[PDB]
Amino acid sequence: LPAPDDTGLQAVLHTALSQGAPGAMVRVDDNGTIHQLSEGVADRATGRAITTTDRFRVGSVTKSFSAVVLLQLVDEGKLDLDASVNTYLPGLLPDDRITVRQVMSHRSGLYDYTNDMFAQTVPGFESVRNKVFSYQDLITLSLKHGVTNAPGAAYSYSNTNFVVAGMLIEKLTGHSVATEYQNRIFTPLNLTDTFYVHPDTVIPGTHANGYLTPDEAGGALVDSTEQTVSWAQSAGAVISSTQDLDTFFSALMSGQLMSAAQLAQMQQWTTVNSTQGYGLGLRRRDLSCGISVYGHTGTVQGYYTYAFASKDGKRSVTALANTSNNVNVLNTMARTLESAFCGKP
């Protein structure tokens, strides 16, 4: 790979601040040489600087943790990717042709309940932030709508899929997802900044606060740090750090977290758009210089995350801005992947 471009990374972060992120940061693990940059504030009311060791909410990056646990169950013979979801969760879904592989690749047709929830950004956050939902509650919300396509037939990203994933982990293992994450991922990789504390609202230790951008242009930011994330759970509630997400995607892509057979199933790409794919709880992004990287993005109120690694895991990048509902910042933060993998133009 080209060398990571720290001046390019610096410009990306500075642009994200100019577009309304209070803070923005990035950590590259380049085959044992670290790059770390941050600009702006973790807490905009006190002025405390953001830094690459601050913990934060990773949002939908959680789906990759869920998928690693499910693929280890596949390795253990407890789960078959091509079995019906209802084989393990009887009568859960209206159609038995919905399979575990279609759920994990967003090909199931299940309606995303969060489209009910967040049609208005701050009112929807204020609705869910202090609620505790069961898995079944969220599935029932989805099922008020019919499916959006035939099973397997179309890519349609849906949080519901990874709510099903959490129910499957808990049903098959008899343990909570927190326990399975801890035992199969956080402890073995020594992810000391990584937690799943649902439904607690506190982020343990020093963290970035999250600032939700309101729908009204120019409106005051809303502190969204503390919430249950119960509307997402196994689809979105993990807390981590840039070092720990680098560690995690490096371990995944270098083959440390499941058999080679299952990693190969995880990387069977469904087309998302002309420069992206979706595997099993895993994203592929195609970068301008002709390299692809592998990992996941997250959007949770107040926090945008990108966490991607090269195919062999030897270079990993995690970028965080502590705002959300700000598509200028979301698009700018994607540019950290170009600077960190493609290097100087």
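All residue numbers are counted from 1 along the displayed sequence.
Across the two stretches, 129 to 137 and 268 to 276, the PDB entry reports the greater mean Cα temperature factor for 268 to 276. Judged by mean Cα B factor in the deposited record, 258 to 266 ranks above the other of 258 to 266 and 194 to 202. The maximum CA B-factor among the listed residues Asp246, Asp75, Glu226, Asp112, taken from the PDB record, is found at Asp75.
By the numbers in the PDB entry, the CA B factor is greatest at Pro188 among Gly210, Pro188, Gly236, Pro214. The deposited CA B-factor of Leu337 belongs to the middle third of values across its chain. Annotation for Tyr157: CA B-factor lies in the lowest third of the chain's modelled residues. Looking at the C-alpha B-factors along this chain, the one for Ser310 belongs to the middle third. Ranked against the other modelled residues of its chain, the C-alpha B-factor of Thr87 as given in the entry falls in the highest third. When the modelled residues of the chain are ordered by C-alpha B-factor, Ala11 sits in the middle third.
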